[PDB]
Amino acid sequence: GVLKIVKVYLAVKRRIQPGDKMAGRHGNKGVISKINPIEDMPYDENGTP
Amino acid sequence: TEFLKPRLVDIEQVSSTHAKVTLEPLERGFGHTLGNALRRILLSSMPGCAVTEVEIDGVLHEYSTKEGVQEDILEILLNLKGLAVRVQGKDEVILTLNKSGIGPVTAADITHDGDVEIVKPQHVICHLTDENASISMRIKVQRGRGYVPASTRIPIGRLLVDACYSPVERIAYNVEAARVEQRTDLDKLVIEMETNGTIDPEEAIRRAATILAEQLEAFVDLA
Amino acid sequence: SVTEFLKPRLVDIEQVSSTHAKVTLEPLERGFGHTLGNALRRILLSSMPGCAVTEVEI
């Protein structure tokens with residue numbers, strides 16, 4: 001009963017955002033709670049955040 | 001009771017990218033205050049010249065792939081996003097690149113322009129493997145601050161690439177003791193910035209000082 | 001354009017009683033609130049000219 005069907009493949013580029021669910025490998029789940037600026041993060045002695 | 005004003009005593013270029021500046025004199029307490037304020041303000045509020053739009057000739061949409069170039073289009077955009085350029089004067093500017101022949105496609109062979117200057121020509125953009133394969137592209141560049149992805153700012157060959165407008169990538173401040181100077185307790189504040197070369201240390205530190213001075217002058221008068 | 005940054009408009013000067021004030025500023029760019037707040041806190045608490053009793057004897 002179908003004359004023709006056209007199938008279109010959308011492609012999207014999601015980004016890590018404040019509701020995803022990252023997780024380590026030892027079962028230590030977690031939902032990203034905030035995307036801080038580079039500054040607010042705590043940085044070790046020689047600058048690297 | 002007096003407060004010794006600071007001055008930019010030295011700007012030594014230890015390396016092409018990263019450098020260190022020294023502030024002196026500073027009094028007790030002021031050291032860490034200024035150091036943290038400058039780190040925080042520098043790491044965000046700066047002008048850059050990161051690419052924003054790319055238009056490759058024989059590329060329809062991003063997720064396709066051209067011929068004669070091992071890199072996929074997405075890798076090409078990634079490298080261009082990593083490209084660093086020093087642009088003066090003109091707000092936004094277009095660059096061209098039509099390298100042909102086998103070998104690297106490093107930024108050096110980008111078409112020459114005026115005040116635009118490629119700081120790091122060695123940074124590879126893509127690769128060519130087939131002799132009769134040419135990659136012709138127009139790369140737009142504007143100047144901005146912080147981070148502005150494709151979607152927020154939003155033909156078909158107009159490949160949008162996420163901005164990364166920022167010249168600095170690691171700011172660290174240390175406070176140490178200065179010379180006797182007939183007065184102890186004077187702090188030398190050494191601030192090292194690891195920048196992609198687009199911005200010199202003096203310009204960056206002075207712009208940070210200016211922005212903080214304006215923000216605080218907004219505090220001088222209150223109702 | 002890059003030099004532009006949202007300047008605050010001094011709004012709140014709520015002076016509870018005669019010495020306890022609750023100032024507020026807005027809108028500042030992302031993170032300026034913390035840097036201004038910490039700078040003001042450290043400078044105020046650490047370095048403020050004034051006079052106080054140092055030594056006492058009976």
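Asks: Quick one: what's the story with the sheet that holds strand β2 (residues 18–24) of chain B, residue by residue and with numbers?
Replies: Residues and elements named next belong to chain B. The antiparallel open sheet is built from four strands, whose spatial order is β1-β2-β12-β11. Single-partner strands in this sheet number two, and they are β1 (7–12) and β11 (168–177). Each adjacent strand pair in this sheet contributes to an overall mean axis angle of 20 degrees, direction not counted. Inspection of the sheet shows β11 paired to strand β12 (residues 187–195) by eight bridges, in the antiparallel sense. For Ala 177, the partnering residue across the bridge sits in β12 and is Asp 187. This element, helix α1 (residues 30–44), spans β11 and β12 of the sheet and lies at about 175 degrees to β11. Packed on one face of the sheet, helix α4 (residues 201–220) meets β1 and β2 and runs near 150 degrees to β1.

Asks: Residues and numbers for the nonpolar core, please.
Replies: Ranked by size, the top nonpolar core spans 31 residues in total, and within it B:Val54, B:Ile76, B:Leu80, B:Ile135, B:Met137 and B:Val141 carry the most contacts. Going through the elements one at a time, β3 (51–56), α2 (73–82), β5 (93–97) and β9 (137–141) of chain B are the ones with two or more residues in this core. Residue contributions to this core peak at four residues, all from α2(B). Non-local contacts of B:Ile135, meaning those with residues more than four positions away in its chain, are made with B:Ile56, B:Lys66, B:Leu97, B:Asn98, B:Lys99, B:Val105, B:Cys126 and B:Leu128. Core analysis: the next-biggest nonpolar cluster, separate from the first, contains 23 residues, B:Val21, B:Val168, B:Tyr173 and C:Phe32 among them.

Asks: Lay out the sheet that holds β3(B) with the relevant residues and their values.
Replies: Residue and element names in this part refer to chain B. Sheet architecture is open: four strands sit in the order β5-β9-β3-β10, paired in antiparallel fashion. Edge positions in the open sheet fall to β5 and β10 (159–160), since each of these has one partner strand only. Two strands pair when backbone bridges link them, and β3 and β9 are joined in this way by five bridges, in the antiparallel orientation. Bridged to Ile 56 within β9 is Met 137. Sheet strands touched by α2: β3, β9 and β10. Its angle to β3, the strand with the most contacts, is close to 145 degrees.

Asks: Tell me about α2(B), and please be specific about residues and values.
Replies: Inspection of α2(B) places B:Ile73, B:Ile76, B:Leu77, B:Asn79 and B:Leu80 among the buried residues, and these make up the whole buried set. Looking straight down α2(B), one finds its buried side chains confined to an arc of 160 degrees; they lie on one side.

Asks: Just give me the short version of the state of the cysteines, but keep the residues and values in it.
Replies: All names here are of chain B. Per the counting criterion, the structure on display carries zero disulfides over all chains. Take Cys 49: it sits in no disulfide, and the sulfur closest to it among the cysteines is that of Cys 164, at 12 Å. For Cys 126, which is in no disulfide, the shortest distance to another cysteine sulfur is to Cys 164 and amounts to 20 Å. The class of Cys 126 is buried, set by a relative accessible area of 0%.

Asks: Break down the packing of aromatic side chains for me, with residues and values.
Replies: Enumeration over the complete set of coordinates arrives at three aromatic pairs over all chains. Between A:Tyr43 and B:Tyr173, the ring centres sit 6.2 Å apart and the planes meet at 70 degrees, which makes this aromatic pair edge-to-face. Among the residues examined, A:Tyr43 registers a relative accessible area of 27% and is labelled partly exposed. Residues C:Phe5 and C:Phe32 carry aromatic rings whose centres are separated by 5.9 Å and whose planes lie at 50 degrees to one another, so their mutual orientation is tilted. Of this pair, C:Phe5 sits in the segment before β1 (12–16) while C:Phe32 is found in helix α1 (residues 32–46), placing the two residues 27 residues apart along the sequence. Per residue, the accessibility class of C:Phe5 equals that of C:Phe32, and both read buried.

Asks: How would you summarise the pairing of strand β2 (residues 20–24) of chain C if you had to cite specific residues and measurements?
Replies: Residue and element names in this part refer to chain C. Of the strand pairs in this sheet, β1 and β2 are connected by five bridges, and their pairing is antiparallel. What sits directly across from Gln 15, in β2, is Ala 21. Hairpin geometry of β1 and β2 is characterised by an intervening segment of three residues between the two adjacent antiparallel strands and by a positive phi of about 55 degrees at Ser 17.

Asks: Any chance you could break down the pattern of salt bridges for me, citing the residues and the numbers?
Replies: Enumeration according to the criterion identifies ten salt bridges over all chains in this entry. Taking the shortest distance from any N to any O, the salt bridge between B:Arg170 and B:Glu194 comes out at 3.1 Å. One end of the pair, B:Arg170, is in strand β11; the other, B:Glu194, is in strand β12, with 24 residues separating them in the sequence. Residue B:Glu194 is classed as partly exposed on the basis of its relative accessible area, which comes to 27%. Of the charged contacts, one joins C:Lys7 and B:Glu214 as a salt bridge, the two residues approaching to 2.6 Å between their closest N and O atoms. Placement of C:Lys7 in the segment before β1 and of B:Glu214 in helix α4 is noted, with the two residues assigned to different chains. C:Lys7 gets classed as partly exposed once you look at its relative accessible area, which sits at 37%. Residue B:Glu214 is classed as partly exposed on the basis of its relative accessible area of 28%.

So, how was this worked out
- Residues numbered from 1 in each chain as written, not as in the entry; some residues may be left out.
- Chains lettered and ligands numbered in written order.
- Part of a larger assembly, values for the part shown.
- Heavy atoms only, no water.
- Residues with missing side-chain atoms left out of burial classes, pairs and counts.
- Pairing = 2+ DSSP bridges.
- Helix = DSSP H or I, 4+ residues; strand = E, 2+ residues; numbered from the N terminus.
- Axes fitted to C-alpha atoms, helices over the stretch in contact; angles between N-to-C directions.
- Contact = heavy atoms within 4.5 Å.
- Core = buried A, V, L, I, M, F, W, Y, C linked by side-chain atoms within 4.5 Å.
- Buried < 20%, exposed > 50% of the residue type's maximum accessible area, 1.4 Å probe, protein only.
- Arc of directions from axis to C-beta.
- Disulfide = S-S within 2.5 Å.
- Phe/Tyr/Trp six-rings, centres within 6.5 Å; stacked < 30°, edge-to-face > 60°.
- Salt bridge = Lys/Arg side-chain N within 4 Å of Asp/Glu carboxyl O.

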